[PDB]
Structure formats: C-alpha cells, structure tokens
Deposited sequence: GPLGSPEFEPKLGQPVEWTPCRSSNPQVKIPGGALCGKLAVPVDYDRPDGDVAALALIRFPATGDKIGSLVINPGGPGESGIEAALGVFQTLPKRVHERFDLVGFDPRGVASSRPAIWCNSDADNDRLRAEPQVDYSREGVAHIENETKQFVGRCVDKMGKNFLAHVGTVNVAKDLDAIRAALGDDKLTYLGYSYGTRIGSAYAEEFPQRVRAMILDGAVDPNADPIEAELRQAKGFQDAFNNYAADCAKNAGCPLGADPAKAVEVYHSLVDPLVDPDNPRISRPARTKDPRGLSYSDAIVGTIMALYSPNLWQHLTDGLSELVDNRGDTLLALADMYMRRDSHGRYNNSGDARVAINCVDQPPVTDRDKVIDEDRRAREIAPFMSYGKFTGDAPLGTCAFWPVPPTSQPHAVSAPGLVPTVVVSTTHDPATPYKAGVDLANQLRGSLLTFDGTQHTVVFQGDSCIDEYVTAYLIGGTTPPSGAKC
C-alpha cells in the first residue's frame, strides 16, 4: 500500500497496454481534517510523453463514477500527435471509483439485474412506495458495505484536494487538466480551491454548479428529447426507418414499440422482448438503451437496429446499449460506476426532499420529454435516492468564483443531451474563460476525431492560445 507523503511507485501496467504505460497509486487522507486517520489509495495511469515534456495532462471522464484509467486508455488512441509529444497522458480513478481503494459498493450484480428487470413505470401510491422501499434498502446496503465515514468524504470537494496532491505527485508546479462531463465539476471545484495551481484547463460538456437541480434535470430531459427528435428526423430520411418516415409521429411509433413491454393492465408486470440473453428487454432497459444511443451519433445505427428488432419483439441491441450505460460486462458483472455515481452525487449538493417539487417535476418532465414517459401523469412520483442519503452534502450550489484563474476553455455542443449547450455558456461566463462551440447532437467532442476542435485545444494546451470569441467547429 502507498503511504501518505510517499512518492508514486510507477510500474508497467497490468493485463496489451500501449505506449509504455506506467501504473501507480497515490495515498490521500479520507478526511482532510484528520490526515492521521483512514487513508484512500488512488489508482493512476501514465503515458510518458514522446517529445519535449511540458508536464502532465490529467483527464477525467466524468459520470461521476467513471474510471479515469479506462478513459486515458481510450483517449490515448485518439490523442493528437503534438499533445502526445509534449504531455504525459495521466488518468486517475477518483476516491471510491474503479481501481481506487476502498471502492464504493452498494448493489451486488443481482441487485442491479433485479432492478433493471422491473418496468419502473408504476407511479401510483403503491408504485411510488415500492420504488422508495427499494431506495431505502439500497442506501442501507451502501452504509453496511462502506460505512458513513467514507461515504461522507467522497464528494467533489475532496476530489479537488486529491487532484492537487496528484499534481504535486506528478511533479508539475501547475495542473494541466481536461475534464469531460462531471469532470467539469472537478475542474471548477479545483479552480476555486487552487486557482494559483492551474496552468491550463479544458472543460468539455459542462455542468453548472450554480444550477437548480430540478430545472437542470428538466433541461437535460429537454436535451434528450431534442436528441431523440434529431435522431428520428435523421432516421426518417433513411430507408426502412422503424419509427416511420414522419418525424412528427416518431414519439408515437416509439411508444408503440416500447409500451407493449409493460403489461397494459398491470404496470408492475414486465413483458420483455425476446433476446438471446436470458434477461430479455424490459421497458426500463429499452429506455436506458435509447438514452445511451443518444449520447453520440455513432450509436444511432445501433438505436435503429434496436428499434427494428422491437418490431419483431426482439430486444438484443437495446439490451446491449443498456448494458453499455450500466457497465455490465459479458459475464454479468457490473463495475462500481453506478453505485459510485449515486454516492458522489448525493454529497455534491443538498437533495430535493420536497414532495410537491418532485411531483411537479414529473408532471413537466412528461410534457418536456414524452419519449421516455409511460402512460399518464398519476399525481405521484418517487423521491430520488439522495433524499434518503445518511450523510450531509459537502458542496452547495453557487456561481463559480475564481477571479484570478488563468483563461480556460469550455467546449459546449449545440444539441448535447446530457449537458445542454447553455450549461457550457453559463460555466464559461462564471469562469470568465473562452467558449468553444461544436455544432452537433452528441455529448463531449474533445479528442474524438474532429480536427477543428482538436487543433483549438492543442494550441491552448501547448501555447496557451484561447479560441477567439464565437469560435465554432
């Protein structure tokens, strides 16, 4: 095990790994107010630079709960040549995530499978009570396996402190950071606590820390409905579209394909589409699979395949897309990204506990994103998991305040479903940095094949040149 204050012991990484990758662990205190107490071990991966090294480019894929080691292995394949020359590509698993120890675990593989088999559409009083009873048992499993102390200190406020310890452990006087999705919350949290330690920062797919949680969720529901509409309009131009040639009826045709997966007389009964997998395709997995495909047009073909299969009451592709979102491998084993996502989210802001607010949010969500709403508004809706969380939040919604921060770049995609375009405009305003706009219907874009975007962030990472005002790719 690594000890507090000890240098990172690098070694060639485990089971082929490219680019002479080095792996190691850094010890951080669980509670920064008690560095004498318990210690967490953060897993790191490192791809040494091939040319004149400026420093380390630390990345985070977001989630929260997504592995940064896994992400750095993917980014290494699409890393521009000049970035690979001047920077060590460094990924890290945040505290409680993936290979970091202790890792957040709440649900067994069967607990996740059992939930996904349920339609999760019954919002009657009995249905809401059933959902909240499962939620209370989920929270109990988190406490039993993790303990309240570690769950209390897993928030982004402590990840930002870990990120500075990572910067010093990597030998960099200042941090060069690329954050995707939730990684932009790590970025802004780090920018507020260590503004004097930021050399460069790129935030792709922005979350606004000043946002109200309800309105942000409804803006994300609108983003996924807009992405659904863009996918359906594209499919309508193509031969044999399973949603028909009229995009104005695509939501109706979509529901004619997914609604039969629920028993029309008993919303608690699943009628799953046939798959080679023994699970079949539940309604909830069909919706999750659709959401997964709407993250990128590279998956739109898979959504079309999944819906054509549903015409014949098959659900193999949509089940695979749902497995991709939930990170369930071919042997039925989940990674801890799902459980880590909940535990990190529940401490990053005060949860919504008002019943009227939760009910009214479901009423508006049904109207805003009809594609992922079943049946009619019932007058009731379940509270989220965080409303039952046993440890208090360690961050509060606020506008990012880092006055002396170096110019940064926020990359925002016009029709991003997961983090809408306006969220990136608002974050760039709070950071008082540059906004780089990408025109598309996808979530994140940096280092993913677009030379316009990549040449912008390459010049920023190396020379500090920010894109001009109104830059579009």
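Asker: Where does the structure fail to cover the deposited sequence at the C-alpha level?
Answerer: No C-alpha for residues 1-8, 24-28.
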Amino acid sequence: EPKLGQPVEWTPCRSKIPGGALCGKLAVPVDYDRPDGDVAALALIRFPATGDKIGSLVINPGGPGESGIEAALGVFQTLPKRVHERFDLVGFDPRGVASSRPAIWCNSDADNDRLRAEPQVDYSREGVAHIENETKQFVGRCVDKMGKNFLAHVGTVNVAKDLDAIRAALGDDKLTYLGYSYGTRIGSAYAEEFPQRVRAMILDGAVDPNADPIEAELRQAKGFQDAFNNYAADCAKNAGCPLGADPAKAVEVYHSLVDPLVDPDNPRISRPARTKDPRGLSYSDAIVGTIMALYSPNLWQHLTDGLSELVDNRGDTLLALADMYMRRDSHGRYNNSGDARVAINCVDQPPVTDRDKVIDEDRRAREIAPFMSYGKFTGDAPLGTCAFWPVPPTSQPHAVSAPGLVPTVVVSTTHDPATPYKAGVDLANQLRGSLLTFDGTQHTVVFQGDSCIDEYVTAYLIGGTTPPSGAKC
From here on, numbers count along this sequence of modelled residues.
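Asker: Would you say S451 is commonly dropped, meaning unmodelled in a third or more of the other compared entries that have residues on each side of it?
Answerer: No, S451 is modelled in every other compared entry.
Asker: Is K25 missing in a third or more of the other PDB entries that were compared?
Answerer: Looking at the other entries that model residues on either side of it, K25 is present in every one.
Asker: If you average the Cα B factors in the entry, which is higher, 76-84 or 106-114?
Answerer: Averaged over C-alpha atoms, the B-factors run higher in 76-84.
Asker: Out of 240-248 and 285-293, which stretch has the higher average CA B-factor listed in the record?
Answerer: Between 285-293 and 240-248, it is 240-248 that shows the higher mean C-alpha B-factor.
Asker: If you compare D316, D122, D312, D305, which has the highest Cα B-factor in the entry?
Answerer: In the PDB entry, the greatest C-alpha B-factor among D316, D122, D312, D305 is found at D312.
Asker: Go through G183, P264, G127, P278 one by one and give the residue whose Cα B-factor in the PDB entry is largest.
Answerer: Highest CA B-factor of the listed options: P264.
Asker: Hey, what third does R141 fall into on Cα B-factor, ranked over its chain?
Answerer: According to the entry, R141 has a C-alpha B-factor in the chain's highest third.
Asker: Test of reading the entry: by CA B factor among the chain's modelled residues, which third contains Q442?
Answerer: As the PDB entry reports it, the C-alpha B-factor of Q442 lands in the lowest third of its chain.
Asker: Using the B-factors in the PDB entry, rank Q430's C-alpha atom against the chain and give the third, lowest, middle or highest.
Answerer: CA B-factor rank for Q430: middle third.
Asker: Taking only the Cα B-factors deposited for this chain, tell me whether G65 sits in the lowest, middle or highest third.
Answerer: It belongs to the lowest third of the chain when residues are ordered by C-alpha B-factor.
Asker: Once the chain's modelled residues are ordered by C-alpha B factor and cut into thirds, is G375 in the lowest, middle or highest one?
Answerer: Its C-alpha B-factor, which the entry lists for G375, ranks in the lowest third among residues of this chain.
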